[PDB]
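Q: Pasting an experimental structure, sequence included:
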Amino acid sequence: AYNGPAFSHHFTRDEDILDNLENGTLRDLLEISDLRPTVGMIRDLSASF
Amino acid sequence: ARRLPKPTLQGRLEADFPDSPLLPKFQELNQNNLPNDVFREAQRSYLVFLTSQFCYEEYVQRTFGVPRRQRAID
Amino acid sequence: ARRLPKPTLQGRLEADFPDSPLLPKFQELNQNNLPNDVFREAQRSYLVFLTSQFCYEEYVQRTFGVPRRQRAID
């Protein structure tokens, strides 16, 4: 949730998350995994906390 | 005794996004009663707790009523 | 006592492409101690080292903090 695109809530849902997030732990965690979950479906992952 | 080390979390997201509606709900914590680093990670954790609050709140009003009839009239 | 044969490497790169940087980064060499047939290797091993520093520097320029945090304004 401290990442870029999931915090703004005005970056919209149906876009790539890899382009607009910074080089945090989620970034290199998602590189070696190589999947593309969109913004917003990561938001409920933030919301379960 | 100890916990995990901290992840990177580079920069500041308060000093990047001026369009956050949660920005008034942020500065209700005090500086002088604790050193700088624990206060920094406390602002991190409070920010992501508010982001979780906002994410669940925009979810739970969404998926309660994702079908509506009033748009479906016209 | 000896070494491996040197590659062929046809073409001189300084005589065709003149708009490359690091051009004043080239003349800090000696010439009266060694003849030209070994200074050709002392120059070829220097140019690969110079472009290796340059390409390594732009590599770590890319791969430090790879996205931009301030890009979210636009």
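A: Perfect, I can see it now. Numbers count the residues shown, from 1 in each chain, chains lettered A, B, ... in the order given.

Q: The nearest residue to residue B:6 once chain neighbours are set aside is in what secondary structure piece?
A: Spatial nearest neighbour of residue B:6, excluding adjacent residues (C-beta to C-beta, 6 or more residues apart in numbering or on different chains): residue B:41 at 6.9 Å. The C-beta positions use only the backbone N, C-alpha and C, and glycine is treated the same way. Element membership for residue B:41 (DSSP states H and E) is helix B:36-60.

Q: Just the residues contacting that helix, thanks.
A: Helix B:36-60 is contacted from outside by A:1-2, A:6-7, A:9, A:43-44, A:46-49, B:6, B:9, B:13-14, B:21-22, B:25-26, B:29, B:31, B:34, using C-beta atoms under 8 Å, 6 or more residues apart in numbering or on different chains.

Q: Swap in 10 Å and give it another go.
A: Contact partners of helix B:36-60, identified using C-beta atoms under 10 Å, 6 or more residues apart in numbering or on different chains, comprise A:1-3, A:6-9, A:40, A:42-49, B:6-7, B:9, B:12-14, B:20-23, B:25-34.

Q: which parts of that helix are buried?
A: B:43, B:44, B:46, B:47, B:48, B:50, B:51, B:52, B:54, B:55, B:56 (16 or more other C-beta atoms under 10 Å in any protein chain shown).
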